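Student: Next up is a structure, given as structure tokens.
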Amino acid sequence: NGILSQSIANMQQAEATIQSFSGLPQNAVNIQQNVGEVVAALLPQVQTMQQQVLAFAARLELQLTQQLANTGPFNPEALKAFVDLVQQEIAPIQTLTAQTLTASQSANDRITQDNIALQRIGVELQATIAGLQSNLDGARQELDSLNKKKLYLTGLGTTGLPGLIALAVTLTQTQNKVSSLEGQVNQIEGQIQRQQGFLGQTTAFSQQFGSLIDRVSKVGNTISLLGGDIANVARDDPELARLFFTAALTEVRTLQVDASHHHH
Amino acid sequence: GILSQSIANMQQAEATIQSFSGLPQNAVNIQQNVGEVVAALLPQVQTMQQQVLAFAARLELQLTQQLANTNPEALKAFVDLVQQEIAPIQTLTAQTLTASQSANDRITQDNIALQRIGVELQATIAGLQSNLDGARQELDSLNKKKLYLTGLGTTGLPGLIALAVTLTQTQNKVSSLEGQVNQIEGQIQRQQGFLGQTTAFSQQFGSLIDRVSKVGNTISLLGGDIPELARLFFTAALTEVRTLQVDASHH
Amino acid sequence: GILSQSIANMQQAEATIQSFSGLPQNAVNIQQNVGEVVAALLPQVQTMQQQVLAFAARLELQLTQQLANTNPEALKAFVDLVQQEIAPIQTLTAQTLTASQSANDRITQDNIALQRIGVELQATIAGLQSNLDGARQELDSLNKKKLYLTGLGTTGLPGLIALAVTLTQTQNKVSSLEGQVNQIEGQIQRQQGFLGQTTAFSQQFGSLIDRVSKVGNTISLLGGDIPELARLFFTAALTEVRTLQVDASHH
Amino acid sequence: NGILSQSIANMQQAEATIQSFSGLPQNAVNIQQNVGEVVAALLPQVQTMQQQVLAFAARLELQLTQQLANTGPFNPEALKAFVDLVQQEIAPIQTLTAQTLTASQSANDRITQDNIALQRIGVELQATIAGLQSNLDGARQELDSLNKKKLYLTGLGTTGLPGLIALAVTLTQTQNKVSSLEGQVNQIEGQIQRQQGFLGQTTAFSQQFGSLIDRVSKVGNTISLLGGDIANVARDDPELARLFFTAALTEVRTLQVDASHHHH
Ligand code: NA
Ligand code: NA
Ligand code: NA
Ligand code: NA
């Protein structure tokens, strides 16, 4: 249900489909290996990061409500010890999130470069199929001439037979030239179709990966805003501590929504 | 040869087609159909092709041997022998054509059904994206008010406390609506990927059917007809036998 | 700036959108809608943008002048003056947002209607292509028989005469079915081209709506609120005025 | 209704849509000029060719039925005069058809080359948008650091003010770097969208043009088969003349179907 959970599930499906393709060039094998490693190694690290962010947020949510339950004045030394403890507990979550985002952007950026490289290759197949289509057109014309001469020499008497015995050999050669070019055009059309199908799956994988990266990045941004609220208690009035605790609690609840397993 | 390439392209699309999970019945229908086409029908097309080529090579040599010999009840002892030897191949070819068209036609119907499903999913999003936009705009307004109130110092605390309650409600609404839109978008994307593969499979299957039809037409013509005409007869038949070898070739 | 680019991209799509003829009602609906958006609504978005920027530049200078002066019934003679001067721009912005969403939502509904029409056209072809394949296969068989009979010399004349009659009937059937399939394929192609342009127009319109919403949210916040807090107040307000200039910029 | 009529009508619509595009590169202007010339000059020559093929076929259809109405023997000199007259009447139609096909293939092949050139350009925009996205990502990180230092120095006392007056200038510069890159990414996305739309219309024009070329080519092939039947009368038995006249009449009726204004 949640955006991380969906992106992960969709990426796992795209990856299985991406592995089903054979006979593709090196850039396609580059993506196949990359997505295999993303599904095997990085998506488990994203699930670990999600579990750790939620565990962290649940603990800090109760710590903040307990601070906001304080009546009378905030003892300024109790504040600092708390701010220190929270700053120490944010550090590792903020770090794991930044690391998770970096690993994700690295892998996804390599997919985009391999996709662009495959696209250049697809355009060079379009160029290739357009000379093969001309060669095919011209071998058809060549076969039209030969068959009109066969008409003509078959139209002559005994005088024709020598010329016909010759033309028979040219006709076979030109026919094999036409049948070969039809096979070559069919071949390149199939390669074009297969690569377009593959790029459709790698583009979909990268779109889902992008949704995952944007949500990891949103989680990091909220952790940074949370850090800023908490440090505005350390800068110290008991009503200011209450303002920054209240702001920090909105950010903690934002994390719980953004990193949530299930939507709602 | 086109026939050999069509088979090969059909095998690759079938592996890719089987990789997709979580699709509706109509997609499962195509997955089963293409599994059977690859397991049962393509080997029979390969057998048909071997028999046609073997038969064509034997009849080619025989027609040349006839065009070489130097008898009105000889041209009938032969024509009867050809129409005999050509009967089993004529059968395999008609069966293969009928089975191919039947399987291909079901893919076409399932594909249309999946297109109808996709348009309905797109209509479902349009109905939701409106509400999501609204919720995202309120959430934008609330994030801005949060930064402002926090900047007002203690004067902003009653206002921030009240906003914290509304923020929770709007964040839950945006989360639910995003999750719902994202789910349907994921389904549409998967089905479009699957439809690209099933359309490609069907295009290749069309080429195979066309080639199987061209072969069965040449064979039917050789199997249904009965004295210097013998020469013109053998010359016409031999032109046909040669197109048969080309249409059903392994090139 | 995004707002200026969205407008420009909307103008190009609208010229391309008006170039299409022979489309159903739902396409005509979009053609009229986008004509009015370009003629009436985008000039108003351009007017809104000018007024927002002019208002933001004046209030920015005023907020700096307040942060510079070295009176509890002065902070109210001002706040009342801002909420006054901001009221007309707050109105134009809400109207522009409402008119934009209304026009964009109708494009979305017409687009879905055209997608439903396209899937039905695709279902019509599937029903016909089967019959066309059949007719094309008979025609192939008849063209082959024609070349063969003609090769038999005078023995082939009765057979060619009979085939000439059937050939005419099959050629007329293939011609009718091809023409029908080709007509529907042409319609699908034109509508897909039109849908590419209307989707693009709507994507650009979405960016404009988002930017108009971000502006109206910043303005609403400046227009609804009321002593060293004055300093924090002016500092917060001034951060807002500056985002307003960025969101509504011409860059 | 007929395939020539439909292809022409569809090409006229695609051409109007192709002319509506502005701000595209030289290869797009190459196609705009080409399709303008196809609609202005070549489609009228295709309509003339169609009218001339049908006029020719109607006259030859009646000439062949009148020959087949001959009873008793074909006077071998009457045959030759007829064969000569028909060969003289085919020559100009076979020529106009070949010319029409050549002009069509020339124009269409230039569309395909300009399309491939536009596709190479679209892939170079994909490469360009992927460096702009990184530059944008990095200027966002740069703006995150600056705002965390502003947090920090705002956190210091009077000691902070000098450093803050400096950072204020860096923050403006980095902000203008981010706003500029967002505008540049938006700009290239719009260019990509517009070019894809244009290529969709030029691909459709070329598909319809291809249907026209295949039908012109089919008309030329039938005229060539008709020529071969008619010359097999010139090679001369009254029953052989009847065989080749009957074969020729099937080809004449094929032209009337293939070049037909209305389908059926
Ligand atoms: Na794997
Ligand atoms: Na978050
Ligand atoms: Na023009
Ligand atoms: Na024709």
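Simple scheme: letters A, B, ... for chains in structure tokens order, numbers from 1 for residues in each chain, numbers from 1 for ligands in the order shown.
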Can you tell me which residues surround residue D:154 at a distance of at most 12 Å, considering only C-alpha atoms, apart from same-chain residues fewer than 2 positions away, and format the answer as an NGL selection string?
Tutor: (:A and (228 or 231-232 or 235)) or (:D and (146-152 or 156-165 or 167-168))
Student: With a cut-off of 8 Å, could you pull out the residues of chain D touching ligand 4 and give me the nearest pair of atoms for each, distance in Å to one decimal, using only C-alpha atoms and all ligand atoms, ordered by chain and ascending number, as a Markdown table?
Tutor:
| residue | atom | partner | partner_atom_place_in_ligand_line | distance |
| --- | --- | --- | --- | --- |
| D:215 | CA | ligand 4 | 1 (Na) | 7.4 |
| D:218 | CA | ligand 4 | 1 (Na) | 5.0 |
| D:219 | CA | ligand 4 | 1 (Na) | 3.8 |
| D:220 | CA | ligand 4 | 1 (Na) | 7.0 |
| D:221 | CA | ligand 4 | 1 (Na) | 6.9 |
| D:222 | CA | ligand 4 | 1 (Na) | 4.8 |
| D:223 | CA | ligand 4 | 1 (Na) | 7.2 |
| D:251 | CA | ligand 4 | 1 (Na) | 7.4 |
| D:254 | CA | ligand 4 | 1 (Na) | 5.0 |
| D:255 | CA | ligand 4 | 1 (Na) | 4.0 |
| D:256 | CA | ligand 4 | 1 (Na) | 7.3 |
| D:257 | CA | ligand 4 | 1 (Na) | 6.9 |
| D:258 | CA | ligand 4 | 1 (Na) | 4.5 |
| D:259 | CA | ligand 4 | 1 (Na) | 6.7 |
Student: Rounded to one decimal in Å, what is the spacing between atom CA of residue C:117 and atom CA of residue C:189?
Tutor: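 Atom CA of residue C:189 lies 12.3 Å from atom CA of residue C:117.
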Student: Can you pull out every residue within 10 Å of stretch 183-190 of chain D, counting only C-alpha atoms, but drop anything in the same chain fewer than 6 positions away, and send it as a list in words?
Tutor: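 Non-adjacent residues within range: residues 1, 2, 3, 4, 5, 6, 8, 9, 200, 204 and 251 of chain C; 125, 126, 128, 129, 130, 131, 132, 133, 136 and 196 of chain D.
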Student: Could the residues in this selection be written to a file with C-alpha atoms, as a short mmCIF file (atom, residue, chain, number, x, y, z; two decimals), in the first residue's frame?
Tutor:
data_model
loop_
_atom_site.label_atom_id
_atom_site.label_comp_id
_atom_site.auth_asym_id
_atom_site.auth_seq_id
_atom_site.Cartn_x
_atom_site.Cartn_y
_atom_site.Cartn_z
CA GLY C 1 10.15 30.83 -15.29
CA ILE C 2 7.89 27.70 -15.32
CA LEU C 3 4.70 29.88 -15.61
CA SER C 4 5.97 31.67 -18.80
CA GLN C 5 7.14 28.32 -20.34
CA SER C 6 3.81 26.58 -19.51
CA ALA C 8 4.29 29.19 -24.40
CA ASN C 9 4.00 25.36 -24.59
CA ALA C 200 0.69 17.39 -23.67
CA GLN C 204 1.55 21.95 -19.33
CA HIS C 251 13.20 34.52 -15.35
CA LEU D 125 18.34 15.98 -25.65
CA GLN D 126 17.90 12.89 -23.33
CA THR D 128 21.51 16.80 -22.03
CA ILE D 129 18.48 16.53 -19.67
CA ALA D 130 20.24 13.76 -17.63
CA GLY D 131 23.43 16.24 -17.05
CA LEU D 132 21.03 19.12 -16.15
CA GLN D 133 19.21 16.82 -13.66
CA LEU D 136 20.14 20.50 -10.39
CA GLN D 196 8.13 13.62 -30.13
#
Student: Given a cut-off of 12 Å, what residues near ligand 1 show up using only C-alpha atoms and all ligand atoms, put as a PyMOL selection string?
Tutor: (chain A and resi 11-20+31-41) or (chain B and resi 19)
Student: Excluding stretch 95-102 of chain C and residues on its chain fewer than 4 positions from it, collect all residues at most 7 Å away from it, counting only C-alpha atoms, and give them as a ChimeraX atom specification.
Tutor: /C:45,91,106,209,212-213
Student: Create the file for the chosen residues now, containing N, CA and C atoms and written as a PDB file, in the first residue's frame.
Tutor:
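As written to disk, again-v3.pdb reads:
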ATOM      1  N   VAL C  45      -3.952  35.036 -16.772  1.00  0.00           N
ATOM      2  CA  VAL C  45      -2.832  34.465 -15.978  1.00  0.00           C
ATOM      3  C   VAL C  45      -1.645  35.427 -16.103  1.00  0.00           C
ATOM      4  N   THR C  91      -8.237  37.676  -5.040  1.00  0.00           N
ATOM      5  CA  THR C  91      -9.455  37.375  -5.843  1.00  0.00           C
ATOM      6  C   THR C  91      -9.045  36.865  -7.234  1.00  0.00           C
ATOM      7  N   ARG C 106     -12.240  19.278 -17.921  1.00  0.00           N
ATOM      8  CA  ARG C 106     -13.072  18.942 -19.096  1.00  0.00           C
ATOM      9  C   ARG C 106     -12.166  18.306 -20.133  1.00  0.00           C
ATOM     10  N   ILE C 209      -1.398  25.321 -13.308  1.00  0.00           N
ATOM     11  CA  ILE C 209      -2.343  25.237 -12.156  1.00  0.00           C
ATOM     12  C   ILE C 209      -1.549  25.098 -10.850  1.00  0.00           C
ATOM     13  N   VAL C 212       0.012  28.417 -10.129  1.00  0.00           N
ATOM     14  CA  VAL C 212      -1.051  29.383  -9.710  1.00  0.00           C
ATOM     15  C   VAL C 212      -1.503  29.040  -8.282  1.00  0.00           C
ATOM     16  N   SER C 213      -1.604  27.758  -7.940  1.00  0.00           N
ATOM     17  CA  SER C 213      -2.005  27.330  -6.576  1.00  0.00           C
ATOM     18  C   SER C 213      -0.921  27.766  -5.565  1.00  0.00           C
TER      19      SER C 213
END
Student: Counting only C-alpha atoms, which residues of chain B come no farther than 6 Å from chain A, as a count of residues only?
Tutor: 9
Student: Select all residues from chain D having any atom no more than 7 Å from an atom of chain A (counting only C-alpha atoms, ignoring ligands), output as a VMD selection string.
Tutor: chain D and resid 116 119 to 120 123 126 to 127 155 235
Student: For chain C, which residues have at least one atom within 7 Å of chain B, if we go by only C-alpha atoms? Write them as number ranges by chain, please.
Tutor: C: 108, 112, 115-116, 119, 123, 126, 137, 141, 148, 151-152, 213, 217, 229, 232-233, 236
Student: Do a neighbour search on residue A:56 at 12 Å with only C-alpha atoms, toss out local chain neighbours closer than 2 positions, and write the hits as an NGL selection string.
Tutor: :A and (49-54 or 58-63 or 86-94 or 223 or 252-253 or 255-256 or 259)
Student: Create the file for the chosen residues now, containing N, CA and C atoms and written as a compact mmCIF listing (two decimals), in the first residue's frame.
Tutor:
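Result went into result.txt, see below:
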# COMPACT_ATOMS: atom_id res chain seq x y z
N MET A 49 16.09 0.48 6.10
CA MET A 49 16.09 1.93 6.37
C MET A 49 14.70 2.35 6.81
N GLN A 50 13.68 1.89 6.10
CA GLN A 50 12.25 2.15 6.40
C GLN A 50 11.93 1.69 7.84
N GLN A 51 12.24 0.45 8.20
CA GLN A 51 12.03 -0.11 9.56
C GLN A 51 12.74 0.76 10.60
N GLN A 52 13.98 1.21 10.33
CA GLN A 52 14.79 1.99 11.30
C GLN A 52 14.23 3.41 11.45
N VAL A 53 13.79 4.02 10.36
CA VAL A 53 13.17 5.37 10.42
C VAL A 53 11.89 5.30 11.26
N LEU A 54 11.05 4.29 11.07
CA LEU A 54 9.76 4.17 11.80
C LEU A 54 10.02 3.91 13.30
N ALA A 58 8.87 6.45 16.17
CA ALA A 58 7.94 6.00 17.24
C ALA A 58 8.56 6.37 18.59
N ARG A 59 9.84 6.09 18.78
CA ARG A 59 10.52 6.42 20.05
C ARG A 59 10.54 7.95 20.24
N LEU A 60 10.90 8.73 19.22
CA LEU A 60 11.00 10.19 19.39
C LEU A 60 9.60 10.81 19.56
N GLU A 61 8.57 10.30 18.89
CA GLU A 61 7.18 10.81 19.06
C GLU A 61 6.80 10.78 20.55
N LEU A 62 7.05 9.67 21.23
CA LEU A 62 6.69 9.55 22.68
C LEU A 62 7.60 10.47 23.54
N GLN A 63 8.89 10.55 23.22
CA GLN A 63 9.83 11.45 23.93
C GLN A 63 9.33 12.88 23.82
N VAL A 86 18.78 13.33 21.60
CA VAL A 86 18.00 13.28 20.31
C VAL A 86 18.99 13.50 19.15
N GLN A 87 19.87 14.51 19.24
CA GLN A 87 20.89 14.80 18.17
C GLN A 87 21.74 13.54 17.92
N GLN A 88 22.07 12.78 18.98
CA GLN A 88 22.88 11.53 18.90
C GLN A 88 22.08 10.41 18.25
N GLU A 89 20.76 10.44 18.43
CA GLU A 89 19.90 9.39 17.87
C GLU A 89 19.52 9.73 16.42
N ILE A 90 19.45 11.00 16.05
CA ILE A 90 19.16 11.39 14.64
C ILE A 90 20.36 11.00 13.75
N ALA A 91 21.59 11.27 14.20
CA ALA A 91 22.85 11.13 13.41
C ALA A 91 22.85 9.84 12.61
N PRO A 92 22.74 8.65 13.22
CA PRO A 92 22.75 7.40 12.46
C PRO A 92 21.58 7.21 11.47
N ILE A 93 20.41 7.80 11.73
CA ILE A 93 19.24 7.59 10.83
C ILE A 93 19.43 8.52 9.64
N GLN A 94 19.88 9.75 9.91
CA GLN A 94 20.12 10.76 8.86
C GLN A 94 21.22 10.20 7.93
N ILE A 223 13.92 14.62 7.99
CA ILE A 223 14.90 14.40 9.09
C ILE A 223 15.69 15.69 9.25
N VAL A 252 8.31 14.53 13.04
CA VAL A 252 8.32 13.10 13.43
C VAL A 252 7.10 12.41 12.83
N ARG A 253 5.92 13.03 12.94
CA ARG A 253 4.67 12.42 12.40
C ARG A 253 4.73 12.41 10.87
N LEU A 255 7.44 11.84 9.13
CA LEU A 255 8.24 10.63 8.78
C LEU A 255 7.38 9.37 8.81
N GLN A 256 6.53 9.27 9.83
CA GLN A 256 5.71 8.04 10.05
C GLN A 256 4.77 7.90 8.87
N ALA A 259 7.22 7.14 5.54
CA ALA A 259 7.94 5.85 5.55
C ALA A 259 6.98 4.70 5.84
Student: Tell me, as a PyMOL selection string, which residues lie within 9 Å of residue C:139, counting only C-alpha atoms; anything in the same chain fewer than 6 positions away does not count.
Tutor: chain C and resi 167+170-171+174
Student: Could you write out that same residue set with N, CA and C atoms as a PDB file, in the first residue's frame?
Tutor:
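Produced file out07.pdb, reproduced below:
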ATOM      1  N   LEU C 167     -12.181 -14.629 -59.591  1.00  0.00           N
ATOM      2  CA  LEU C 167     -11.143 -13.624 -59.300  1.00  0.00           C
ATOM      3  C   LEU C 167     -11.837 -12.269 -59.107  1.00  0.00           C
ATOM      4  N   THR C 170     -13.573 -12.160 -55.662  1.00  0.00           N
ATOM      5  CA  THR C 170     -12.633 -12.159 -54.512  1.00  0.00           C
ATOM      6  C   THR C 170     -11.922 -10.798 -54.461  1.00  0.00           C
ATOM      7  N   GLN C 171     -11.466 -10.285 -55.598  1.00  0.00           N
ATOM      8  CA  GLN C 171     -10.811  -8.961 -55.678  1.00  0.00           C
ATOM      9  C   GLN C 171     -11.772  -7.896 -55.112  1.00  0.00           C
ATOM     10  N   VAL C 174     -11.873  -8.373 -51.231  1.00  0.00           N
ATOM     11  CA  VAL C 174     -10.610  -7.911 -50.590  1.00  0.00           C
ATOM     12  C   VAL C 174     -10.586  -6.393 -50.614  1.00  0.00           C
TER      13      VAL C 174
END
